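Novice: okay, here's the opening piece of the assembly, coordinates as they are in the complex:
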Amino acid sequence: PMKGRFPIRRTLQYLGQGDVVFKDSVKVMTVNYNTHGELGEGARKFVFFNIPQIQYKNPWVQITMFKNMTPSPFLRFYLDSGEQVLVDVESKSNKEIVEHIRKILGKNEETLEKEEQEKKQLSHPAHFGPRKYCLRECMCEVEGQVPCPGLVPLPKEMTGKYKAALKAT
Amino acid sequence: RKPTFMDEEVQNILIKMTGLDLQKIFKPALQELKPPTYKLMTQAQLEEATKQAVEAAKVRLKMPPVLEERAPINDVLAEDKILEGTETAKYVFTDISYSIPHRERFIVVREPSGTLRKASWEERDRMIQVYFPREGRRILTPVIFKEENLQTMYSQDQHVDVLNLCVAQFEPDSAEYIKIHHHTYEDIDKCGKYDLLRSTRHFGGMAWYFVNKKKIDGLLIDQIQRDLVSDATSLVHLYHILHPXXXXXXXXXXXXXXXXXXXXXXXXXXXXXXXXXXXXXXXXXXXXXXXX
Amino acid sequence: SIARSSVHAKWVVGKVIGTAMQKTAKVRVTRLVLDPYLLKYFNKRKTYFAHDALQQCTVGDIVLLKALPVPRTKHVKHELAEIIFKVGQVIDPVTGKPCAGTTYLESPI
Amino acid sequence: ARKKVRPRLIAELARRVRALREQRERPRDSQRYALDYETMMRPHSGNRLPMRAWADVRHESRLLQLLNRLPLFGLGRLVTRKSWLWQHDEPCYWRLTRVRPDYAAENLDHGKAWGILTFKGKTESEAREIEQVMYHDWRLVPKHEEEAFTXXXXXXXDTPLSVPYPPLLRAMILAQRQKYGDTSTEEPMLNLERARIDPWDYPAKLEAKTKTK
Amino acid sequence: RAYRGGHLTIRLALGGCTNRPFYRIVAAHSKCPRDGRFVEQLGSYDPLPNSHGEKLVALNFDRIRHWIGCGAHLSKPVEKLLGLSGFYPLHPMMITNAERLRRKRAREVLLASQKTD
Amino acid sequence: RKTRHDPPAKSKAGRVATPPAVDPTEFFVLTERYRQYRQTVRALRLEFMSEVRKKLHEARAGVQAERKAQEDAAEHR
Amino acid sequence: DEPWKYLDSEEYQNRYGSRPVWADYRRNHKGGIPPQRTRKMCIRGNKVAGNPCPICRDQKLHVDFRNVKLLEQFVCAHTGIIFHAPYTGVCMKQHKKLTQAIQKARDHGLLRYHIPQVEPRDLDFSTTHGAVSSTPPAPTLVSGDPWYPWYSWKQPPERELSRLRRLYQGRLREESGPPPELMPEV
């Protein structure tokens, strides 16, 4: 895209690439950030780059942002229990905020890998269906089997009307 | 004793024997190309990148498992002669369950003979290949493994390709696997082409089949002609590990051993053509006194 | 352990839009939505009525809504849980001091 | 928003109108099951009875014709069905608790009766409702013979309770104990204990679904 | 769609290019169409004997039994299939077709030697 | 197919099913075959039922499940 | 049928040079974009139509799996995939014959294609398992027993049979059922 001042962040590639996934407890996330100060600087970047990464990967988590309410910048987190997490981001680097969040409510790499494997096991090689869900379809295809008459017309013997006209006579 | 391919000695010696050629390891492939990616690097970054390369190349280089042959499995699970009179052609019952190791799958048959027989090995495999299609495998055996096509592919010096074909198509413990791998070794031996499979992951199979065929000839000759002493060294070392008790082994070992003494004593005690070894083992030696 | 609400709303935060009813707060929620053409995130708003015991919500409040286990009316599925920022009086979660905007009213020391 | 707003009133009306009428239209069993014999036609239902069913209809009478010769309807007299006879040599007798005749103004041949059971010698002590009072295969035993019928009850040990799991399945269990590391060569036994099915002649209890709490 | 009733049923859906039948073993509702919706696919069956002279049948035994354990009903041809494999005892009607066929073959031997005479 | 409220055909009305003929040997044989068959299969069914019982309650209530629960709780803290 | 010859001829070497076949050939068509697949066949009977393909305008060219020098120039050198007809300009018939040709060519290895490095099928190969290793054959097998008592035909009590006839009396079809044991026939 052309318009926008960091257009690379309106990509799909930039969206998939951001990594934080949230635990199942997180529901709401509240970013309170500040416009004017040097000590705000990191937080801002986080909103401007990382917030749109985060959200994409967690489409069900409300992410809200307030400006200039509180004189010092922070994150809040509202979990399922009624647990309220409070993450102070001040002189932090943008990267530091990201990784800190990942630490606190993340998902272990193993967790993700497990889950994706548990979904990948759902589509089984051996079934037969429409090209959408399966690979192979009619078993026209597989080598040793019979060729399906569209491609390779069948023996006079195996036709219905051959059997019919033979059983009649 | 217990020597085998997967022993650490045999492994580290066969990795060192094989060699890292990053040009033959990573070589242009015929796949649809993409535009090349560019980045500017430091000396440091290029070194780290180089090591990264070498690390990844090792994984490419990992040896295909060698194994002994499987015996035919014939067992009948049941017989009812009453069914026999149905005179229907063979029924093949496969289990497809995603959790199972493919040697732990159950593959069964009912013939017109009214008996419940387990699947044969070839049968069993082509079944799993049907319901668990895996790439490169034909479900009916590919023509190219006839002797004519074999010789044709050897002429073209494609031997890496054939050995890459069997890895995918057949199973490492099969009959055909062994027939083709071994026959192919015979070809590189009679043609003296050994340096082909050098940086290949196939090298381990070269070394083994020969140590166990006890013809080390061409590989030693070649190694000394290629100006590689250390490889001939670890190779005789290997013939000593896979032949611990023999005249050559215990004598040329316990007397004394190093490059000159062990390579020349195993050049005298392996007589296939000891005249070849002794010739070349002179030449390299001479080519040292001129270079130093 | 069964107390549930079939509604995905389970916990939200919104501004307090209007007081016009007895012990019921009109609260606007705003979530980010990815506009697929532009690939950008915009603020989509949605209003929720909520229930209040104290009738404590001034307009403009930043309020935490909790899903109600059994819905009161067609239009009330929530209960105000906590006031996150009462308007015009905001006490910094970090330092626990009274503040306006960028400035503390009573500083440390 | 997805918003669909619409009244449907006659959605309810018909429901009430049928239901009500239904119970006024509820056919009494007298006119209902009544049969035309030269035809084998059900006037009410318009159905023509099966071909294995002709003879039994022609030559024998339904339970509440012969429950109506009775002075008292609550007779503890054992009743037995002709089919139960011919299938089982051991006595199948069916005895009465609570009889409600529904009155055909003419022959008083229909009704809902409630018994207790013994099937092919195996005794069942609890009162059910009789099923299939409607059919002509019913016969009643006299007071002198009922003492001859109850004593023919005998007891014998049933056929094997054990079985060889079918070839592939056994193969798999064996494979799994040999892979799990239990090398016990004990045969693969299977319990037929709970596999008992009543012969299809056993009358099905009709009340409702039983709830185990 | 929403139905009145019916049971979970394991059976043979027929995909085929016509004169070349083939089947997909399927866990379905009785009240859905043959080739329509199902819960889960179980196996396949290929009636027509292949290049090697074999009739291929794949089954997921783990899942098949997972559903029978949930009380699915089997169609008679799925039971012929499960019979042969030995996952299930041979089906009674199989044996009867055996006896029938044998008797007709004996009667036809006698017809053969009565026509020869 | 037809419906409840569609009328029956005329040629259909007077036609009532004429039963198939029976053989004594074949029949009693079959009754037994099916009796034993269904017996066996009914046993198997209970085996599979038990199987799914086990898998289920061992998946929910299994020591690994509660292990996860506790581990994750502590992690969180 | 001998392939190699015409590709090494002085006639060929004169005509085509070292450029591929089809180089100079150009397919005339209605506009800026040619129809997405070329003509069905350029030869029907004795008639050659219009401006013929590279392959069929020269009859001395033979499409086989044998001549690699002809089939080579119809495959992309770097990508190792064949060209669709329009790239080249061959007719559909000769293009299908060319695909099928290159196939048997690669099946006899007369040609190169890319062969990837595949791992072994299995990870851990243990021949030990009970599916592979012959089981303890059934106690029912050892005896020569039918696997269940009901595989065996049992002639029923005369009581049950005559009561059975007594049931079905008008409809009974009675013909002896002993099951002759051996199958084969003319």
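Specialist: Good, I have the coordinates. Numbers count the residues shown, from 1 in each chain, chains lettered A, B, ... in the order given.
Novice: show me where the chain has its strands.
Specialist: This is for chain A. Remark: strands assigned in chain A by DSSP state E are A:28-33, A:62-67, A:74-78, A:84-88.
Novice: the chain in question should be chain E.
Specialist: Secondary structure of chain E (DSSP E): strands at E:8-16, E:21-29, E:40-45, E:54-59, E:73-74.
Novice: residue G:31: which of the ones you listed is closest?
Specialist: Evaluated over the strands of chain E, closeness to residue G:31 peaks at strand E:8-16, with 42.6 Å, by C-beta to C-beta. No exception for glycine: its C-beta is placed from N, CA and C like everyone else's.
Novice: now stretch E:17-35: how far from the chain's centre is it?
Specialist: Taking C-alpha atoms, centre = their mean, to the nearest Å, the mean C-alpha location of stretch E:17-35 is offset from the chain mean by 11 Å.
Novice: scratch that, stretch G:93-100
Specialist: The answer for stretch G:93-100 is 16 Å, by C-alpha atoms, centre = their mean.
Novice: got the CA coordinates for it in PDB?
Specialist: Extracted in PDB, the C-alpha atoms of stretch G:93-100 (Å, rounded to 0.1, in the frame of the first residue of the first chain):
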ATOM      1  CA  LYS G  93      -2.200 -33.900 -30.500                       C
ATOM      2  CA  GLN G  94       1.600 -33.600 -30.700                       C
ATOM      3  CA  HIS G  95       1.600 -31.900 -27.300                       C
ATOM      4  CA  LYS G  96      -0.200 -34.700 -25.600                       C
ATOM      5  CA  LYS G  97       2.100 -37.200 -27.400                       C
ATOM      6  CA  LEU G  98       5.000 -35.100 -26.200                       C
ATOM      7  CA  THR G  99       3.900 -35.100 -22.500                       C
ATOM      8  CA  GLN G 100       3.400 -38.900 -22.600                       C
END
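Novice: buried residues in it, which are they?
Specialist: Across stretch G:93-100, burial judged by 16 or more other C-beta atoms under 10 Å in any protein chain shown covers G:93, G:94, G:95, G:98.
Novice: chain C contacts on chain A?
Specialist: A:1, A:4, A:10-12, A:15, A:27-28, A:30, A:34, A:36-37, A:51-52, A:55-56, A:59-60, A:62-64, A:66, A:68-72, A:74, A:76, A:78, A:80, A:82, A:86, A:88 (C-beta under 8 Å from any C-beta of the partner chain).
Novice: one more chain, RNA strand H:
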RNA sequence: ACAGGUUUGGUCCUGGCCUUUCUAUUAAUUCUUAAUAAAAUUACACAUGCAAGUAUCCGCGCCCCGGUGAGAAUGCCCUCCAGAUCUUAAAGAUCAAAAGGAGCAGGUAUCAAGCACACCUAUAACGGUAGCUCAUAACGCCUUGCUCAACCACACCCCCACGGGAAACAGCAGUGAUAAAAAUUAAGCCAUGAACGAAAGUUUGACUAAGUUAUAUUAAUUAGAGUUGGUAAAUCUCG
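Specialist: Below, RNA strand H sits with the chains from the block before:
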């Protein structure tokens, strides 16, 4: 889009229109045979024959398949499940009504306001507040099946069927009228699926195998149509 033609005496620039590619009906001109897929103008009216039965009574089945796209901005997706049924040593499983909502969802703002569309009392059906929706498109109007291993909706019309018009093929074949739109008043339950059966088994215009049609691909036995100023392959003589 790899683009091409076309504004002016000419040159750029802006800017439409058109060509060139692929699919589908229908028509005209031609047409040899197979095989396979597909078959369709019409919620206009319907002659006749069939499309549910099973079964020792009772029972169970009987728009389930099958047909259609008339309706409705309908709905996709996601929560949560009453009920029905199946299995069974009481809890599993399959459908899943109602009711909901993170988000996505036809055109039109010349449709801009709608007109009670809210809540509060748990007192136990009365009282109390004065609200709710809406320019991030309420409320209208217009057109419409669909996001498709399927899902939604209808079943002569009055959204709903008590009642009223009135006597219903939008099941299979067929037929009038209508439209640019044309398949057999065909044979079998032999396979599958379904309904009943304890079972052999019975029924099934589902389906199976056919029949018709260049409608599309494939194979050959089949040669014809269109073009020839330019874009755009290709021309001589007459009138």
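Novice: which residue does chain G have closest to chain A?
Specialist: Proximity of chain G to chain A (C-beta to the nearest C-beta) peaks at residue G:96, 12.6 Å away.
Novice: could you measure from that residue over to residue G:103?
Specialist: 11 Å (C-beta to C-beta, to the nearest Å).
Novice: tally of neighbours for residue 147?
Specialist: Picked chain A for this. The number of residues packed near residue A:147 is 14, by other C-beta atoms under 10 Å in any protein chain shown.
Novice: look at chain D instead
Specialist: 9.
Novice: please save the CA atoms from whichever strand or helix holds it in PDB.
Specialist: With elements taken from DSSP states H and E, the one containing residue D:147 is helix D:146-149. The C-alpha coordinates for helix D:146-149 follow below in PDB (Å, rounded to 0.1, in the frame of the first residue of the first chain):
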ATOM      1  CA  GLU D 146     -53.100 -74.600  36.400                       C
ATOM      2  CA  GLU D 147     -51.600 -77.000  39.000                       C
ATOM      3  CA  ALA D 148     -50.300 -79.200  36.100                       C
ATOM      4  CA  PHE D 149     -48.800 -76.100  34.300                       C
END
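Novice: partners of whichever helix or strand comes after it, with directions?
Specialist: Downstream of helix D:146-149, the next assigned helix or strand under DSSP H and E is strand D:162-164. Strand D:162-164 has its sheet partners listed here by DSSP bridges as strand D:189-191 (antiparallel).
Novice: hmm, who's touching the strand it pairs with?
Specialist: D:161, D:162, D:163, D:164, D:165, F:43, F:44, F:47 (C-beta atoms under 8 Å, 6 or more residues apart in numbering or on different chains).
Novice: closest to chain C among those?
Specialist: Using C-beta to the nearest C-beta, the contacts of strand D:189-191 come closest to chain C at residue F:47, 33.2 Å.
Novice: you'd agree that closest one is in a strand?
Specialist: No - residue state for residue F:47 (DSSP: H, G, I helix; E, B strand; the rest coil) corresponds to helix; a strand is not indicated.
Novice: residues near it, how many?
Specialist: The burial count for residue F:47: 15, using other C-beta under 10 Å.
Novice: grab the most central residue of chain F for me.
Specialist: residue F:45 (7.8 Å; C-alpha atoms, centre = their mean).
Novice: can you pull the contacts of the residue nearest to the spatial centre of chain C?
Specialist: Using C-alpha atoms, centre = their mean, the residue of chain C that lies closest to the mean C-alpha position is residue C:63, 2.7 Å off. By C-beta under 8 Å, 6+ apart, residue C:63 lies in contact with C:13, C:14, C:15, C:16, C:25, C:27, C:50, C:57, C:80, C:82, C:83, C:84.
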